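Structure first, commentary second.
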Amino acid sequence: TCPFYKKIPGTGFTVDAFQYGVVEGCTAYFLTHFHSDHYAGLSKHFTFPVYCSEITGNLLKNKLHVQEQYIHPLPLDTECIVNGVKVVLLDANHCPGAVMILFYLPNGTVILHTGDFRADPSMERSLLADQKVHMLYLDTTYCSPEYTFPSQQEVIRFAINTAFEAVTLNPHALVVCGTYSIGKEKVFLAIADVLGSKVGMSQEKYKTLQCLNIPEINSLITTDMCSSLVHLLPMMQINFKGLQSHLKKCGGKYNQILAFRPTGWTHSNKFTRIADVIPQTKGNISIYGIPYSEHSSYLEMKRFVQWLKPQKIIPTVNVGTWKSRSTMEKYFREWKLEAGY
Ligand code: NI
(Lines give C-alpha, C1' and ligand atoms only; values in the text may rest on other atoms or scores of the structure.)
Protein backbone atom coordinates (compact mmCIF):
# COMPACT_ATOMS: atom_id res chain seq x y z
CA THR A 1 0.00 0.00 0.00
CA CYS A 2 1.09 3.70 -0.40
CA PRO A 3 3.51 4.54 2.34
CA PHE A 4 2.90 7.53 4.62
CA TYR A 5 6.08 9.37 3.54
CA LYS A 6 4.50 9.73 0.00
CA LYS A 7 1.36 11.48 1.26
CA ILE A 8 1.04 15.26 2.01
CA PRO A 9 -1.26 15.77 5.09
CA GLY A 10 -4.16 18.22 4.76
CA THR A 11 -4.27 17.76 1.09
CA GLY A 12 -5.42 15.27 -1.40
CA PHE A 13 -1.82 15.08 -2.75
CA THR A 14 0.77 12.33 -3.28
CA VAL A 15 4.44 12.62 -4.43
CA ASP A 16 6.15 9.97 -6.62
CA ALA A 17 3.25 7.49 -5.93
CA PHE A 18 2.33 5.95 -9.32
CA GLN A 19 2.75 2.24 -8.58
CA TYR A 20 -0.07 1.65 -6.00
CA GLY A 21 -3.09 1.89 -8.27
CA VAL A 22 -5.71 4.48 -7.42
CA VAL A 23 -4.66 5.96 -4.11
CA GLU A 24 -7.81 6.55 -2.11
CA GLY A 25 -8.41 10.22 -1.60
CA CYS A 26 -5.80 11.47 -4.14
CA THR A 27 -6.84 14.41 -6.32
CA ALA A 28 -3.38 15.35 -7.73
CA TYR A 29 -0.25 13.13 -8.30
CA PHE A 30 3.02 15.13 -8.27
CA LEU A 31 6.14 13.75 -9.98
CA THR A 32 9.51 15.23 -8.82
CA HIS A 33 11.65 13.91 -11.71
CA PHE A 34 11.90 11.36 -14.49
CA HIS A 35 13.73 8.44 -12.78
CA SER A 36 12.14 4.93 -12.98
CA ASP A 37 11.83 4.28 -9.17
CA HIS A 38 9.80 7.54 -9.02
CA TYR A 39 7.61 7.29 -12.16
CA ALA A 40 7.09 3.50 -11.84
CA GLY A 41 3.54 2.93 -12.91
CA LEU A 42 2.83 5.76 -15.34
CA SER A 43 1.79 4.98 -18.98
CA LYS A 44 -0.62 6.18 -21.79
CA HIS A 45 -3.54 4.69 -19.76
CA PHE A 46 -3.11 7.02 -16.76
CA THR A 47 -6.17 9.35 -16.37
CA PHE A 48 -5.44 11.50 -13.25
CA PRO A 49 -3.83 14.98 -13.16
CA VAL A 50 0.06 14.83 -13.06
CA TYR A 51 1.84 17.92 -11.86
CA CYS A 52 5.53 18.33 -12.74
CA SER A 53 8.16 20.52 -14.43
CA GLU A 54 8.08 21.36 -18.16
CA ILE A 55 11.05 19.02 -18.84
CA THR A 56 9.50 16.14 -16.91
CA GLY A 57 6.26 16.73 -18.84
CA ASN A 58 8.22 16.53 -22.23
CA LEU A 59 9.53 13.06 -21.17
CA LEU A 60 6.06 11.84 -19.95
CA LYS A 61 4.55 12.75 -23.37
CA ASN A 62 7.43 11.52 -25.63
CA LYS A 63 8.87 8.51 -23.75
CA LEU A 64 5.89 7.14 -21.82
CA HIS A 65 3.08 8.48 -24.15
CA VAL A 66 1.03 9.90 -21.31
CA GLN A 67 -1.80 11.91 -22.88
CA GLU A 68 -1.35 15.64 -22.97
CA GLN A 69 -4.71 16.42 -21.30
CA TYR A 70 -3.41 14.80 -18.01
CA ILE A 71 0.04 16.55 -17.98
CA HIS A 72 0.14 19.78 -16.00
CA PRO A 73 3.57 21.44 -16.29
CA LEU A 74 4.38 24.30 -13.86
CA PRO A 75 7.01 27.03 -14.21
CA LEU A 76 9.70 27.12 -11.59
CA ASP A 77 10.05 29.79 -8.87
CA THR A 78 6.40 30.84 -9.30
CA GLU A 79 3.45 30.77 -6.85
CA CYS A 80 0.78 28.49 -8.39
CA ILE A 81 -2.69 27.28 -7.10
CA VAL A 82 -3.40 23.51 -7.40
CA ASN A 83 -6.85 22.24 -6.24
CA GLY A 84 -7.08 25.23 -3.94
CA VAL A 85 -3.57 24.92 -2.45
CA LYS A 86 -0.57 27.28 -3.06
CA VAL A 87 2.55 25.41 -4.33
CA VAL A 88 6.00 26.37 -5.70
CA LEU A 89 8.48 24.22 -7.71
CA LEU A 90 12.20 24.79 -7.02
CA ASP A 91 15.28 23.49 -8.80
CA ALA A 92 16.54 20.30 -7.00
CA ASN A 93 20.14 20.26 -8.50
CA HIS A 94 19.55 16.56 -9.39
CA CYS A 95 18.93 15.52 -13.08
CA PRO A 96 17.27 17.65 -15.78
CA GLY A 97 13.75 18.69 -14.84
CA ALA A 98 14.08 17.62 -11.18
CA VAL A 99 12.23 19.75 -8.61
CA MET A 100 11.62 20.26 -4.91
CA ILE A 101 7.98 21.15 -3.97
CA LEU A 102 6.83 23.76 -1.38
CA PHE A 103 3.25 23.26 -0.10
CA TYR A 104 1.43 26.04 1.79
CA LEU A 105 -1.35 24.23 3.71
CA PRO A 106 -4.65 26.04 4.39
CA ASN A 107 -3.98 25.78 8.14
CA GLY A 108 -0.63 27.75 7.87
CA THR A 109 1.77 24.78 7.87
CA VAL A 110 4.53 24.95 5.27
CA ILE A 111 6.00 21.62 3.91
CA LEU A 112 9.10 21.13 1.67
CA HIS A 113 9.49 17.85 -0.23
CA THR A 114 13.01 17.71 -1.65
CA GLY A 115 12.35 14.88 -4.11
CA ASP A 116 15.88 13.67 -5.00
CA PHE A 117 18.37 16.62 -4.54
CA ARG A 118 22.02 17.67 -4.20
CA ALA A 119 21.93 20.38 -1.54
CA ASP A 120 23.76 23.56 -2.42
CA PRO A 121 24.29 26.96 -0.66
CA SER A 122 22.54 28.61 -3.66
CA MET A 123 19.28 27.17 -2.33
CA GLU A 124 19.61 29.43 0.74
CA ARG A 125 18.76 32.37 -1.65
CA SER A 126 15.73 30.93 -3.39
CA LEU A 127 12.07 31.47 -2.31
CA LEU A 128 12.96 29.20 0.60
CA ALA A 129 14.58 32.10 2.46
CA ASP A 130 11.24 34.03 2.67
CA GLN A 131 9.29 31.93 5.22
CA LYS A 132 9.55 29.21 7.79
CA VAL A 133 9.24 25.49 6.82
CA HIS A 134 7.69 23.31 9.46
CA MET A 135 8.07 19.81 7.93
CA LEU A 136 10.83 18.49 5.56
CA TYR A 137 10.40 15.31 3.41
CA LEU A 138 14.18 14.70 2.96
CA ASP A 139 16.30 12.79 0.33
CA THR A 140 18.52 10.84 2.81
CA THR A 141 20.35 8.68 0.20
CA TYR A 142 23.84 9.45 1.64
CA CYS A 143 22.92 10.31 5.26
CA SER A 144 26.06 8.93 6.97
CA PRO A 145 29.45 10.61 7.54
CA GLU A 146 31.42 8.12 5.39
CA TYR A 147 29.82 9.66 2.34
CA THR A 148 32.18 12.39 1.10
CA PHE A 149 32.65 13.27 -2.48
CA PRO A 150 34.27 16.02 -4.54
CA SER A 151 32.43 18.86 -6.21
CA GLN A 152 30.93 18.18 -9.66
CA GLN A 153 33.36 20.81 -11.04
CA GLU A 154 36.46 18.92 -9.73
CA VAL A 155 35.19 15.67 -11.20
CA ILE A 156 34.55 17.22 -14.65
CA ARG A 157 38.01 18.83 -14.61
CA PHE A 158 39.56 15.40 -14.01
CA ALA A 159 37.52 13.78 -16.77
CA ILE A 160 38.27 16.53 -19.36
CA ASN A 161 42.08 16.53 -18.62
CA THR A 162 42.23 12.67 -18.72
CA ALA A 163 40.34 12.34 -22.01
CA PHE A 164 42.20 15.24 -23.77
CA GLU A 165 45.63 13.81 -22.75
CA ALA A 166 44.71 10.24 -23.93
CA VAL A 167 43.35 11.22 -27.32
CA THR A 168 46.18 13.68 -28.00
CA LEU A 169 48.75 10.92 -27.26
CA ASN A 170 46.73 8.45 -29.41
CA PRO A 171 44.40 10.01 -32.08
CA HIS A 172 43.08 6.51 -32.71
CA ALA A 173 41.64 6.11 -29.14
CA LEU A 174 37.82 6.05 -28.69
CA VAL A 175 36.14 7.52 -25.54
CA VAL A 176 33.03 5.70 -24.24
CA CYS A 177 30.72 6.86 -21.40
CA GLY A 178 28.02 4.75 -19.66
CA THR A 179 24.43 5.87 -18.89
CA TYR A 180 21.16 4.23 -17.68
CA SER A 181 18.90 7.16 -17.01
CA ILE A 182 18.82 10.92 -17.47
CA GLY A 183 21.31 12.88 -15.37
CA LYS A 184 25.05 13.42 -15.44
CA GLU A 185 24.98 14.73 -19.04
CA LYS A 186 27.87 17.15 -18.13
CA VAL A 187 30.29 14.16 -18.09
CA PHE A 188 29.93 13.20 -21.77
CA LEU A 189 29.18 16.72 -23.05
CA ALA A 190 32.30 18.31 -21.41
CA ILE A 191 34.54 15.51 -22.78
CA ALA A 192 33.05 15.86 -26.36
CA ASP A 193 33.53 19.67 -26.20
CA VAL A 194 37.28 19.42 -25.38
CA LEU A 195 37.79 16.87 -28.18
CA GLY A 196 35.79 18.79 -30.86
CA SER A 197 33.39 15.88 -31.45
CA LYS A 198 29.61 15.37 -31.09
CA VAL A 199 28.49 12.59 -28.83
CA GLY A 200 27.16 9.56 -30.66
CA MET A 201 24.33 7.46 -29.24
CA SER A 202 21.35 5.25 -30.00
CA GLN A 203 18.14 6.63 -31.45
CA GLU A 204 16.29 5.97 -28.08
CA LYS A 205 18.89 7.96 -26.09
CA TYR A 206 19.01 10.81 -28.64
CA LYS A 207 15.16 11.08 -28.35
CA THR A 208 15.45 11.29 -24.53
CA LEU A 209 18.10 14.04 -24.70
CA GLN A 210 16.05 16.08 -27.20
CA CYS A 211 13.32 16.49 -24.45
CA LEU A 212 15.66 18.25 -21.99
CA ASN A 213 15.79 21.93 -23.14
CA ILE A 214 19.56 21.94 -23.16
CA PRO A 215 20.81 25.05 -25.19
CA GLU A 216 22.49 24.36 -28.55
CA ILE A 217 21.90 20.55 -28.10
CA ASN A 218 21.64 20.01 -31.89
CA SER A 219 25.32 21.12 -32.05
CA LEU A 220 26.46 18.56 -29.36
CA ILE A 221 24.83 15.18 -30.03
CA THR A 222 24.19 12.83 -32.96
CA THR A 223 22.96 9.39 -34.01
CA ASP A 224 25.83 9.01 -36.53
CA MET A 225 28.36 6.88 -34.63
CA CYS A 226 30.86 6.96 -37.51
CA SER A 227 31.34 10.72 -37.27
CA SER A 228 31.78 10.70 -33.45
CA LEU A 229 34.74 9.81 -31.19
CA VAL A 230 32.76 10.01 -27.91
CA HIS A 231 30.19 7.14 -27.76
CA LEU A 232 27.44 6.60 -25.17
CA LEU A 233 26.41 3.07 -24.27
CA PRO A 234 24.28 1.40 -21.63
CA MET A 235 26.02 1.22 -18.27
CA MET A 236 25.69 -2.59 -18.51
CA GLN A 237 28.02 -2.64 -21.54
CA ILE A 238 30.89 -0.80 -19.57
CA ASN A 239 33.06 -3.80 -18.80
CA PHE A 240 35.93 -5.53 -20.69
CA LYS A 241 33.68 -7.97 -22.63
CA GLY A 242 31.16 -5.30 -23.69
CA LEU A 243 33.88 -2.84 -24.67
CA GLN A 244 35.97 -5.42 -26.66
CA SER A 245 32.73 -6.23 -28.52
CA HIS A 246 31.97 -2.57 -29.25
CA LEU A 247 35.50 -1.97 -30.58
CA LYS A 248 35.04 -4.84 -33.08
CA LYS A 249 31.92 -2.96 -34.36
CA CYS A 250 33.94 0.18 -35.16
CA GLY A 251 35.81 -1.54 -38.04
CA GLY A 252 39.47 -0.73 -37.26
CA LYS A 253 38.86 3.04 -36.98
CA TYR A 254 40.11 2.73 -33.36
CA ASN A 255 42.74 0.69 -31.51
CA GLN A 256 42.20 1.75 -27.82
CA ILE A 257 39.15 2.55 -25.59
CA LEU A 258 39.14 4.89 -22.62
CA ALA A 259 35.76 4.41 -20.79
CA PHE A 260 34.05 6.33 -17.94
CA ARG A 261 31.55 4.92 -15.37
CA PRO A 262 29.98 7.84 -13.40
CA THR A 263 29.04 5.92 -10.26
CA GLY A 264 27.45 7.44 -7.16
CA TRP A 265 29.66 6.71 -4.14
CA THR A 266 32.30 3.96 -4.02
CA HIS A 267 34.52 3.11 -0.85
CA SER A 268 37.68 4.25 -2.72
CA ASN A 269 36.30 7.78 -1.53
CA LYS A 270 37.23 7.22 2.17
CA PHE A 271 40.93 6.99 1.24
CA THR A 272 41.52 8.22 -2.30
CA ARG A 273 41.50 11.90 -3.54
CA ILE A 274 40.24 12.70 -7.13
CA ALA A 275 43.81 13.56 -8.21
CA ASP A 276 44.83 9.97 -7.33
CA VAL A 277 42.07 7.92 -9.20
CA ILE A 278 43.39 5.13 -11.45
CA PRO A 279 41.67 2.94 -14.05
CA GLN A 280 41.15 -0.81 -14.35
CA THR A 281 43.06 -1.88 -17.49
CA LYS A 282 43.07 -5.03 -19.66
CA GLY A 283 45.02 -4.84 -22.85
CA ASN A 284 44.08 -1.73 -24.86
CA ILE A 285 40.91 -1.02 -22.71
CA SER A 286 40.92 1.21 -19.59
CA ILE A 287 37.81 1.89 -17.34
CA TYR A 288 37.61 4.84 -14.92
CA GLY A 289 34.98 4.91 -12.11
CA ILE A 290 34.43 8.61 -11.33
CA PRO A 291 32.40 9.81 -8.25
CA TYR A 292 30.04 12.24 -10.01
CA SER A 293 27.06 12.51 -7.62
CA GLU A 294 23.62 14.08 -8.13
CA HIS A 295 22.73 13.50 -4.42
CA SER A 296 23.86 15.49 -1.35
CA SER A 297 27.01 14.41 0.48
CA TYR A 298 26.55 14.00 4.26
CA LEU A 299 28.08 17.48 4.92
CA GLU A 300 25.97 19.19 2.18
CA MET A 301 22.78 17.62 3.58
CA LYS A 302 23.69 18.61 7.16
CA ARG A 303 24.45 22.25 6.18
CA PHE A 304 21.04 22.58 4.35
CA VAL A 305 19.05 21.16 7.23
CA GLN A 306 20.92 23.23 9.93
CA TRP A 307 20.14 26.31 7.74
CA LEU A 308 16.47 25.48 7.24
CA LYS A 309 15.76 24.48 10.86
CA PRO A 310 12.68 22.31 10.24
CA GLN A 311 10.40 21.26 13.16
CA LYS A 312 10.00 17.68 11.87
CA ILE A 313 12.05 15.59 9.30
CA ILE A 314 10.52 12.65 7.37
CA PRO A 315 13.14 10.61 5.48
CA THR A 316 12.22 9.28 2.00
CA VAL A 317 15.32 7.05 1.38
CA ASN A 318 16.81 4.10 3.35
CA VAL A 319 13.49 3.77 5.28
CA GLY A 320 13.21 -0.02 4.88
CA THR A 321 15.32 -1.16 7.86
CA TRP A 322 15.14 -0.37 11.55
CA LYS A 323 18.91 0.06 11.81
CA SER A 324 18.89 2.67 9.00
CA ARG A 325 15.91 4.53 10.43
CA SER A 326 17.47 4.65 13.93
CA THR A 327 20.86 5.80 12.59
CA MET A 328 19.24 8.64 10.61
CA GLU A 329 17.13 9.84 13.60
CA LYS A 330 20.37 10.01 15.67
CA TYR A 331 22.01 12.30 13.08
CA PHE A 332 18.95 14.52 12.93
CA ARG A 333 19.08 15.00 16.76
CA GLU A 334 22.79 15.72 16.67
CA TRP A 335 22.22 18.41 14.07
CA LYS A 336 19.40 20.01 16.01
CA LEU A 337 21.40 20.09 19.30
CA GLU A 338 24.53 21.47 17.63
CA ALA A 339 22.62 24.28 15.87
CA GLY A 340 20.13 25.06 18.69
CA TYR A 341 16.70 24.78 17.03
NI1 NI B 1 16.65 10.26 -8.82
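Numbering of ligands and ligand atoms starts at 1, following listing order. Computed over heavy atoms, backbone and side chain alike; hydrogens, waters and symmetry mates excluded. Each residue takes its place number in the sequence, starting with 1.
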Original post:
N/O/S of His33 less than 2.8 Å from the Ni ion (ligand 1)?
Top reply: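 Within the cut-off used here (under 2.8 Å), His33 does place an N, O or S atom near the Ni ion (ligand 1).
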Original post:
Hey, is the Ni ion (ligand 1) within less than 2.8 Å of some N/O/S atom on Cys95?
Top reply: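 No, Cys95 does not qualify, because none of its backbone or side-chain N, O or S atoms lies under 2.8 Å.
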Original post:
For the residue pair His94 and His35, does the interplanar ring angle fall in the parallel (under 30°), tilted (30 to 60°) or perpendicular (over 60°) class?
Top reply: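 Ring orientation, 0 to 90° scale: perpendicular.
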Original post:
Parallel, tilted or perpendicular: which fits the ring planes of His246 and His231, with parallel below 30° and perpendicular above 60°?
Top reply: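 Perpendicular: the ring planes of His246 and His231 meet at over 60°.
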**OP:** Decide ring-ring contact (aromatic ring centres under 6.0 Å, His included) for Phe13 and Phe30; before the verdict, give the C-alpha distance in whole Å, the side-chain angles of both, and the deciding distance to 0.1 Å.
**Re:** CA-CA 7 Å; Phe13 305 155; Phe30 284 78; 5.3 Å; yes
Subject >> Side-chain donor/acceptor of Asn93 to backbone N/O of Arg118, under 3.5 Å >> reply: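 Here the side-chain-to-backbone pair exists.
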**OP:** May I have the angle between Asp116 OD2 and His35 ND1 with its vertex at the Ni ion (ligand 1), rounded to 10°?
**Re:**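 Seen from the Ni ion (ligand 1), OD2 and ND1 are separated by roughly 170°.
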